[PDB]
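Only one structure is covered here, and it is reproduced in the block below.
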There are 2 protein chains.
Amino acid sequence: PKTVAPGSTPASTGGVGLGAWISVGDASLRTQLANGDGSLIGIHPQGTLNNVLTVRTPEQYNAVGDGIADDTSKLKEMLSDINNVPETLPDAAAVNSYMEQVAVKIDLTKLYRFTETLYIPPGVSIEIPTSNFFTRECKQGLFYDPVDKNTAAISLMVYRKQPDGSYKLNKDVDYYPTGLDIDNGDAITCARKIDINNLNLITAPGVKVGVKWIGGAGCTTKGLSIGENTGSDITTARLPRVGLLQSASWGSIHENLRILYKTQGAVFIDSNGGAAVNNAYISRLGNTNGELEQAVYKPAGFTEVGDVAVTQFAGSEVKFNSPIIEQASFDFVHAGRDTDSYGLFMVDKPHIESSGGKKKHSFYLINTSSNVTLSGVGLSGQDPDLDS
Amino acid sequence: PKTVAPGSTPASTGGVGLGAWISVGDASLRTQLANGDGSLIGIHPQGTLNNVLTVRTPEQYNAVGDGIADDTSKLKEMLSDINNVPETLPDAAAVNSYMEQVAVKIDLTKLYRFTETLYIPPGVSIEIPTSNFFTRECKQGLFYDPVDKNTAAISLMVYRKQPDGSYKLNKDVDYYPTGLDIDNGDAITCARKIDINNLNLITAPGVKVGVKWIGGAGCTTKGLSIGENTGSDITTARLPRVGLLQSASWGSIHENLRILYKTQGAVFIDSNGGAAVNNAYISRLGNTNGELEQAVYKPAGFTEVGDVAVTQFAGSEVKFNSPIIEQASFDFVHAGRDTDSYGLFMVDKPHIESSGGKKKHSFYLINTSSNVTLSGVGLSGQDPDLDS
């Protein structure tokens with residue numbers, strides 16, 4: 001005989017399974033199926049449902065997905081269930097351990113409004129069926145809508161050494177690690193085994209940075225699409241002032257990156273050795289008042305006013321293959337490293353265009369060398385004296 | 001007490017759920033499972049089955065998938081359930097709205113015979129596990145087998161203005177939009193957010209065009225494989241006369257495109273700014289009687305007879321990276337724009353080969369400039385006077 005004390009549960013008096021408690025009847029079956037993992041469902045050629053379910057979705061966490069409800073806590077929980085990295089770690093060993101976890105794929109099929117910077121932990125693959133392209137109304141992806149706009153929508157994880165030798169997660173929007181920081185231990189990257197395939201990211205107007213791709217060595221992207229082609233008034237368009245900011249990401253590849261921006265499209269700083277940006281399509285949403293934008297992250301030597309599609313400095317030497325750059329005051333601003341002019345400016349066959357032939361310069365090169373191959377597409381501005 | 005009138009249903013008497021009707025018993029459970037969406041099946045770490053099923057398949061619509069039965073209506077129903085765009089629309093706002101719908105991924109794992117031109121609507125991602133490569137018998141993908149062979153197997157959507165001011169979906173095999181048409185309002189593309197991975201397309205012998213990539217700006221492809229290596233005799237091989245016809249597709253990227261053709265491999269016309277074709281493998285199925293093939297879509301300046309692997313004109317300037325071209329009379333025929341010779345012919349390291357060294361010309365350049373990088377692979381024809 002089996003004695004069951006008052007206040008017992010099947011889980012606390014032997015568990016459910018052979019030799020212990022066995023579910024019997026329809027009510028039990030319903031609950032067993034409702035709270036299971038799919039192991040009760042057989043599949044072909046063999047095995048069970050749980051054997052083949054490997055992707056995660058925000059819907060598993062009850063995200064509304066209408067771009068209205070604040071789905072922040074659900075997105076964080078989904079991410080946490082994959083790799084939950086504490087914001088303060090004791091030492092280098094602890095932070096590095098988080099890059100050694102199981103990687104999981106996430107599928108985003110609706111629109112998720114969020115209001116705090118999302119930090120992607122290592123071991124995360126994100127996918128959406130197709131990438132946005134000058135899309136008028138984003139229907140799938142992420143919509144950053146914070147109170148504090150002096151922030152980034154998405155950011156990779158980089159830990160900064162504290163006075164006591166401990167490491168805290170970086171949460172400063174303007175911060176980016178340098179090759180020096182990584183070398184001398186002041187910064188430790190916690191960004192690896194991260195893959196993006198078609199992520200659409202829109203932001204409330206005025207958000208400072210779309211994506212902070214910091215410390216993402218070896219991390220890859222395909223079809224990353226930033227910003228919404230909301231309408232003619234860029235002042236109210238759902239796109240960030242700065243699309244992407246990247247540093248310490250050697251060996252990182254961005255394939256067919258799409259960026260709609262207001263102030264700066266993409267910025268690459270410091271160590272990005274061997275990184276490539278192929279077939280990028282980076283455009284300001286029209287060039288109305290573009291000449292009045294003030295670059296946010298730029299080398300000291302660049303003091304001109306005007307929006308910049310691609311900015312690179314401090315020794316960064318990303319390879320730009322066949323980029324398409326539209327409606328920019330400055331297509332490219334590139335400065336070599338201050339010390340020795342290191343950092344080759346490399347652009348192969350840029351497709352440069354601007355409505356009404358409005359432009360200041362295509363290649364604003366500072367203290368540097370370059371190899372550029374033109375493809376018969378381009379122009380110089382309307383000012384007969386200063387544009388070239 | 002609850003009174004239920006004769007002829008009632010749970011729906012007509014309060015509905016199902018808390019405080020209303022609750023299903024009970026095995027018979028109810030079986031029907032609930034059969035007619036539900038998987039919401040009764042819990043999955044890990046939390047949530048239910050319906051939360052992670054996002055991919056569509058023709059089997060959901062009971063397609064036979066044997067390459068024999070006509071699966072046309074079922075393929076069309078699947079595409080329609082994703083984005084049902086009317087063949088006739090009121091105005092530009094109307095046609096443009098259909099590019100703002102949720103995108104859905106489709107997985108094709110069997111072989112589907114169809115008999116009418118399939119029109120892919122915006123917001124569709126097509127996937128097949130692997131791509132064909134000179135395969136003799138196509139086991140997965142689409143098989144176009146129409147009564148009227150003077151048609152296309154697959155086409156993107158482009159709307160043409162009518163005299164009354166309304167727009168109708170183009171169904172003309174020869175039509176292709178130009179920059180003018182787009183600027184005039186005479187044509188409005190309805191092809192955005194389209195992604196193809198490993199699609200295998202085979203067609204009945206005599207079919208004019210394999211794929212009409214018209215207006216596919218920003219649309220992408222990887223492993224798109226056209227034509228079957230049926231047998232030695234090309235007159236009965238299951239491949240189209242013209243593999244791919246493309247226009248108004250600026251920023252589109254075709255990665256590892258594979259085309260087995262009879263008359264022309266790929267044709268690029270008009271605006272294709274910034275578009276790229278990487279690692280394409282284009283080949284006629286043997287050069288037998290190739291010199292007799294008459295190009296269908298070509299510039300006025302090209303009057304020679306012979307099959308052409310790649311044809312480009314009217315200002316199109318697609319970047320061809322490492323293409324592999326085989327068994328063609330003419331590897332590339334390229335014409336600069338009529339008015340000003342615009343449109344650079346760019347080919348980097350083409351791998352050109354042909355059986356028995358049969359060939360007329362590799363680069364047939366008309367009113368144009370070009371930048372070509374040879375990789376030590378090539379040849380010139382057997383005619384000691386005319387071949388170069």
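Residues are named by chain letter and number: chains run A, B, ... in the order of the structure tokens, numbers start at 1 in each chain, and ligands are numbered from 1 in the order shown.
In chain B, the set of residues within 7 Å of chain A (atoms considered: only C-alpha atoms) is residues 25, 26, 40, 41, 42, 43, 44, 46, 47, 48, 51, 52, 100, 101, 102, 103, 104, 105, 123, 125, 193, 194, 195, 218, 274 and 344 of chain B.
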Please provide as a PDB file with N, CA and C atoms, in the first residue's frame all residues within 10 Å of range 118-120 of chain A, with the sequence filter that same-chain residues fewer than 2 positions apart are discarded (counting only C-alpha atoms).
```pdb
ATOM      1  N   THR A  72       8.779  44.256 -23.415  1.00  0.00           N
ATOM      2  CA  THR A  72      10.158  44.190 -22.908  1.00  0.00           C
ATOM      3  C   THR A  72      10.505  43.018 -21.992  1.00  0.00           C
ATOM      4  N   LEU A  75      10.650  39.684 -23.834  1.00  0.00           N
ATOM      5  CA  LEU A  75      11.835  39.532 -24.674  1.00  0.00           C
ATOM      6  C   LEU A  75      13.036  39.225 -23.787  1.00  0.00           C
ATOM      7  N   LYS A  76      13.134  39.906 -22.642  1.00  0.00           N
ATOM      8  CA  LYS A  76      14.259  39.669 -21.727  1.00  0.00           C
ATOM      9  C   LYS A  76      14.220  38.260 -21.160  1.00  0.00           C
ATOM     10  N   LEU A  79      15.370  35.815 -23.731  1.00  0.00           N
ATOM     11  CA  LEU A  79      16.823  35.880 -23.824  1.00  0.00           C
ATOM     12  C   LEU A  79      17.464  35.228 -22.596  1.00  0.00           C
ATOM     13  N   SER A  80      16.920  35.533 -21.419  1.00  0.00           N
ATOM     14  CA  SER A  80      17.416  34.966 -20.160  1.00  0.00           C
ATOM     15  C   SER A  80      17.353  33.447 -20.120  1.00  0.00           C
ATOM     16  N   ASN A  83      20.543  32.397 -22.183  1.00  0.00           N
ATOM     17  CA  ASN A  83      21.821  32.683 -21.527  1.00  0.00           C
ATOM     18  C   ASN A  83      21.584  33.869 -20.609  1.00  0.00           C
ATOM     19  N   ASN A  84      21.550  33.620 -19.302  1.00  0.00           N
ATOM     20  CA  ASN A  84      21.266  34.675 -18.329  1.00  0.00           C
ATOM     21  C   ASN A  84      22.548  35.221 -17.729  1.00  0.00           C
ATOM     22  N   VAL A  85      23.083  36.283 -18.319  1.00  0.00           N
ATOM     23  CA  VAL A  85      24.351  36.848 -17.856  1.00  0.00           C
ATOM     24  C   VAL A  85      24.190  37.977 -16.834  1.00  0.00           C
ATOM     25  N   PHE A 114       9.442  47.512 -27.321  1.00  0.00           N
ATOM     26  CA  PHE A 114      10.213  47.375 -26.092  1.00  0.00           C
ATOM     27  C   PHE A 114      10.726  48.749 -25.692  1.00  0.00           C
ATOM     28  N   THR A 115      11.025  48.917 -24.410  1.00  0.00           N
ATOM     29  CA  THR A 115      11.347  50.250 -23.896  1.00  0.00           C
ATOM     30  C   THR A 115      12.637  50.390 -23.094  1.00  0.00           C
ATOM     31  N   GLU A 116      13.488  49.368 -23.139  1.00  0.00           N
ATOM     32  CA  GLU A 116      14.780  49.385 -22.467  1.00  0.00           C
ATOM     33  C   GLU A 116      15.749  48.724 -23.428  1.00  0.00           C
ATOM     34  N   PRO A 122      25.756  35.940 -25.462  1.00  0.00           N
ATOM     35  CA  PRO A 122      26.365  35.007 -26.415  1.00  0.00           C
ATOM     36  C   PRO A 122      25.488  33.777 -26.641  1.00  0.00           C
ATOM     37  N   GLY A 123      25.607  33.157 -27.816  1.00  0.00           N
ATOM     38  CA  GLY A 123      24.854  31.955 -28.149  1.00  0.00           C
ATOM     39  C   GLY A 123      23.417  32.220 -28.570  1.00  0.00           C
ATOM     40  N   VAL A 124      23.226  33.229 -29.413  1.00  0.00           N
ATOM     41  CA  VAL A 124      21.893  33.577 -29.872  1.00  0.00           C
ATOM     42  C   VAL A 124      21.831  33.817 -31.371  1.00  0.00           C
ATOM     43  N   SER A 125      20.933  33.088 -32.029  1.00  0.00           N
ATOM     44  CA  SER A 125      20.689  33.256 -33.449  1.00  0.00           C
ATOM     45  C   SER A 125      19.288  33.842 -33.555  1.00  0.00           C
ATOM     46  N   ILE A 126      19.149  34.950 -34.265  1.00  0.00           N
ATOM     47  CA  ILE A 126      17.844  35.582 -34.424  1.00  0.00           C
ATOM     48  C   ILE A 126      17.442  35.572 -35.889  1.00  0.00           C
ATOM     49  N   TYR A 144      11.948  49.801 -30.700  1.00  0.00           N
ATOM     50  CA  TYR A 144      12.485  50.429 -29.489  1.00  0.00           C
ATOM     51  C   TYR A 144      11.797  51.770 -29.259  1.00  0.00           C
ATOM     52  N   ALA A 152      20.714  53.178 -26.714  1.00  0.00           N
ATOM     53  CA  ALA A 152      20.748  52.295 -27.878  1.00  0.00           C
ATOM     54  C   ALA A 152      19.597  51.303 -27.761  1.00  0.00           C
ATOM     55  N   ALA A 153      19.053  50.881 -28.901  1.00  0.00           N
ATOM     56  CA  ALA A 153      17.981  49.897 -28.929  1.00  0.00           C
ATOM     57  C   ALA A 153      18.503  48.518 -28.574  1.00  0.00           C
ATOM     58  N   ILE A 154      19.572  48.113 -29.262  1.00  0.00           N
ATOM     59  CA  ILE A 154      20.155  46.803 -29.086  1.00  0.00           C
ATOM     60  C   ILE A 154      21.641  46.939 -28.841  1.00  0.00           C
ATOM     61  N   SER A 155      22.182  46.087 -27.985  1.00  0.00           N
ATOM     62  CA  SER A 155      23.598  46.153 -27.711  1.00  0.00           C
ATOM     63  C   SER A 155      24.164  44.805 -27.353  1.00  0.00           C
ATOM     64  N   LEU A 156      25.399  44.575 -27.788  1.00  0.00           N
ATOM     65  CA  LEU A 156      26.114  43.367 -27.456  1.00  0.00           C
ATOM     66  C   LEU A 156      26.680  43.611 -26.054  1.00  0.00           C
ATOM     67  N   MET A 157      27.199  42.565 -25.421  1.00  0.00           N
ATOM     68  CA  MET A 157      27.714  42.691 -24.060  1.00  0.00           C
ATOM     69  C   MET A 157      29.229  42.819 -23.955  1.00  0.00           C
ATOM     70  N   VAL A 158      29.669  43.881 -23.299  1.00  0.00           N
ATOM     71  CA  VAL A 158      31.089  44.095 -23.049  1.00  0.00           C
ATOM     72  C   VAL A 158      31.225  44.460 -21.575  1.00  0.00           C
ATOM     73  N   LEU A 169      28.638  45.077 -16.509  1.00  0.00           N
ATOM     74  CA  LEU A 169      28.199  45.166 -17.894  1.00  0.00           C
ATOM     75  C   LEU A 169      28.135  46.617 -18.319  1.00  0.00           C
ATOM     76  N   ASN A 170      28.615  46.925 -19.520  1.00  0.00           N
ATOM     77  CA  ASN A 170      28.514  48.302 -19.971  1.00  0.00           C
ATOM     78  C   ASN A 170      27.092  48.654 -20.352  1.00  0.00           C
ATOM     79  N   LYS A 171      26.633  49.804 -19.867  1.00  0.00           N
ATOM     80  CA  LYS A 171      25.295  50.281 -20.168  1.00  0.00           C
ATOM     81  C   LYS A 171      25.311  51.744 -20.613  1.00  0.00           C
ATOM     82  N   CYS A 190      31.894  39.979 -24.077  1.00  0.00           N
ATOM     83  CA  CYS A 190      31.031  38.862 -23.735  1.00  0.00           C
ATOM     84  C   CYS A 190      30.070  38.805 -24.909  1.00  0.00           C
ATOM     85  N   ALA A 191      30.647  38.822 -26.106  1.00  0.00           N
ATOM     86  CA  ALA A 191      29.867  38.840 -27.323  1.00  0.00           C
ATOM     87  C   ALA A 191      30.475  37.919 -28.352  1.00  0.00           C
ATOM     88  N   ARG A 192      29.926  36.718 -28.459  1.00  0.00           N
ATOM     89  CA  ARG A 192      30.391  35.760 -29.445  1.00  0.00           C
ATOM     90  C   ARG A 192      29.308  34.714 -29.687  1.00  0.00           C
ATOM     91  N   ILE A 194      26.992  34.900 -31.975  1.00  0.00           N
ATOM     92  CA  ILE A 194      25.775  35.683 -32.197  1.00  0.00           C
ATOM     93  C   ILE A 194      25.588  35.813 -33.707  1.00  0.00           C
ATOM     94  N   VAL A 211      21.870  50.012 -33.261  1.00  0.00           N
ATOM     95  CA  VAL A 211      22.585  48.824 -32.816  1.00  0.00           C
ATOM     96  C   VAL A 211      24.024  49.084 -32.403  1.00  0.00           C
ATOM     97  N   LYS A 212      24.385  48.627 -31.207  1.00  0.00           N
ATOM     98  CA  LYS A 212      25.756  48.751 -30.733  1.00  0.00           C
ATOM     99  C   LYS A 212      26.429  47.399 -30.887  1.00  0.00           C
TER     100      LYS A 212
END
```
Q: Please provide as a ChimeraX atom specification all residues within 12 Å of residue 297 in chain A, with the sequence filter that same-chain residues fewer than 4 positions apart are discarded (counting only C-alpha atoms).
A: /A:173-176,208-209,241-247,263-269,301-303,307-314,333-334
Q) Quick one: distance from CA of residue 73 in chain A to CA of residue 86 in chain A in Å, one decimal? A) 15.8 Å
Q) Nearest to residue 221 in chain B among B:88, B:197, B:283, B:368, with distances taken over only C-alpha atoms: which residue is it? A)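 Of B:88, B:197, B:283, B:368, the one nearest residue 221 in chain B, counting only C-alpha atoms, is B:197.
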